[PDB]
Amino acid sequence: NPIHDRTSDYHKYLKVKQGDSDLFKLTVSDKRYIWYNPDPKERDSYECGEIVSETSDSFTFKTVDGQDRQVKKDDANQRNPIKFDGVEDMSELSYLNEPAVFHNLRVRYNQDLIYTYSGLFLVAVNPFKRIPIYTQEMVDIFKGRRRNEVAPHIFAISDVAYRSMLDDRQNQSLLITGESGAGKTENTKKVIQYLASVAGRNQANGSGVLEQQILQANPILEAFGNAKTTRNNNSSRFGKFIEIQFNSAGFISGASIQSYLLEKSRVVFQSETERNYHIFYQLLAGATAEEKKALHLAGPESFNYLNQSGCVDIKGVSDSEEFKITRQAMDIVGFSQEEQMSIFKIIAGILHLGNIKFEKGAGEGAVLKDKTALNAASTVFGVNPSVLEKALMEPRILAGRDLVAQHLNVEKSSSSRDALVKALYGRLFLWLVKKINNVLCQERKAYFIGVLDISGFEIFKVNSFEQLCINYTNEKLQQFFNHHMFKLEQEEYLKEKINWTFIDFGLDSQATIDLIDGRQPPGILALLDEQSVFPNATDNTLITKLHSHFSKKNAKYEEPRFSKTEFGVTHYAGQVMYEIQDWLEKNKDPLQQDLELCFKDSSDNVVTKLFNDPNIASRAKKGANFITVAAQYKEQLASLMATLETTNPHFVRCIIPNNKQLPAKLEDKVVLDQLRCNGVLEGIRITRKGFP
Ligand SMILES: [Mg+2]
């Protein structure tokens, strides 16, 4: 049993190192310690001090320099017996408090133990380096093993959900929380590898045909769905709910991917030092000189969609290599060779579209002096350049019932070009996901385990509509933790009359949630939608309206005095200032119909499907108008949350060590902020003072 063999890799990489004769002596000491703040200003910077004396209501302890300090016993953060240092489940700690909890995660983290239980759920501190704890060898250890029987691991909570699914015959869900960069996607890939292995077929041929395809779907979506942001070199710029499906027997019958809220503005814009989607750099770097020639490609610095941020490389990543990986994954999944080259036709097409330079004509209307990029794009898309040209600068609209040809100025033409690009990319992504799902959908399930991997809470210097939707989602996920851990739990206790005193854990994001998606009174998304369908609305009337409804009326809202285009939302993870520029158009998400009539005619079999498939090209109507991005998203989310509620949820709290993407650098302020807003200690408390 490698578990019991102190020389195994299991003990080496997943267990706390044996202490020595000098640590034993410290461990049996009778002295008592307290966590304190040398600088009261810096409440998260702690030092250890020895308790030197005590009165009935206080402790007197010695600081590190040597000074003596008094504190009330009620405000004292006592240090646990150091035999607790490194303990695998912090519900076992005698003193549950912020420095004690952080300290324990520190001790474990200092020896590359990134997993720690926190009562009913798992905590995972991002190591920002590789640790050899996800081999098939490690997988096999956790099989069938009970949580208390093995060390904290993501494999272990995965196992627990599996058994619970088989024993209770109830669908399960793995909810992995975290801010951007914390580790949600890595752990997500782990849950699936472990479910695929312990539950994959095992005698010939299928066994990990399906299983392997399930596996190969992620690298597909990461190349198209992930990019470098200032907070994570592999940021997930779309959310996903993965259904891993099983039969009554417990074998994998299939899997389903639901995608959410792809950041299509990334394709046309990138803040400084960020990148566009990985796929763009992979192609330009991984294509043969031949395809390079067929797709009229050249270096990233030659494309407008790629040469603005000042970054085209990710340290330690080789795009040309990831290109090979994406391709092999598409082959496994089943992307025909014709389909694959259409896909990069779209990718190269998008790049040429971005190179189009609109100029002012004699009139205020725009002209296209150089048709080079126009013709190149037309060429790879399989569309008529002059139709596309007219569609871009002179689109036709209805004025009443009349048919009026417009002539957009430079600005408008560029925005329209950008709209095309974003529709192409987003429809493509939706198509890739559709195609994957056919492949993994080949049998009615009896049960499933759902893994939720969303875009995590983020803050940039500039926060737009995309970030509101991201942070609102993160706020609902946190509320789902609150609900289940504290609310649903005590509701039983009071229900089953065990006597029982209700406790308020002070965790509730409802006011923030309501401020955003409230219907009556109307919240931010609702006012947005209103303005969005108001013929005379501007970004300026929108913010004014927001201020009018919430400023000095909603406790979670702030009208800043330093700007007239931003508003602050107080989220669980902190206050975020949002810039109102472009929200109306972002919400409306418009595309000129002449553009679509121009692509519906393409000769490419992939492109044609992006503009004729009702499931990709059609838009629901909210009466006289098309549904908005906001109304649509709010609807897709509510459905996900309703589905979650019909599962047994397992929470993994992912935690970022610092804001630098660095290993071996656990910063207390950063970590403690997360522990607080995540509700980790409260989580341990409910578990301890309760009846699970
Ligand atoms: Mg991610």
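Shown for chain A, in order and in Swiss-Prot numbering: 2-693.
Looks like X-ray crystallography, 2.3 Å, at least that's what the header says.
Cβ coordinates are placed from backbone N, Cα and C, and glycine is handled just like the others.
Among the ranges 339-361, 362-384, 638-660, the stretch that Swiss-Prot annotates as region 'Actin-binding' is 638-660. Residues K185, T186, taken from the binding-site residues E180, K185, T186, are distinguished by a CB atom under 6 angstroms from ligand 1.
Taking each of the recorded positions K130, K185 in turn and counting other Cβ atoms within 10 Å of its Cβ gives the largest count for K185. Cα to Cα, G179 (ATP binding site) and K130 (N6,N6-dimethyllysine) are separated by 18 Å.
Residues in the domain 'Myosin N-terminal SH3-like' (30-82) partition by DSSP class (helix H, G, I; strand E, B; coil) as 3 helix, 24 strand, 26 coil. On a Cα basis, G184 (ATP binding site) lies 11 Å away from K130 (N6,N6-dimethyllysine). Its Cβ taken as reference, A183 (ATP binding site) is surrounded by 24 other Cβ atoms within 10 Å in the chains shown.
According to DSSP, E180 (ATP binding site) sits within a strand segment. DSSP assigns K130 (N6,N6-dimethyllysine) to coil in the three-state reduction, placing it in neither a helix nor a strand.
In sequence order, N127, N233, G457, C655, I657 are the residues of the same chain, not among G179, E180, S181, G182, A183, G184, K185, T186, whose CB sits within 8 A of the CB centroid for the ATP site.
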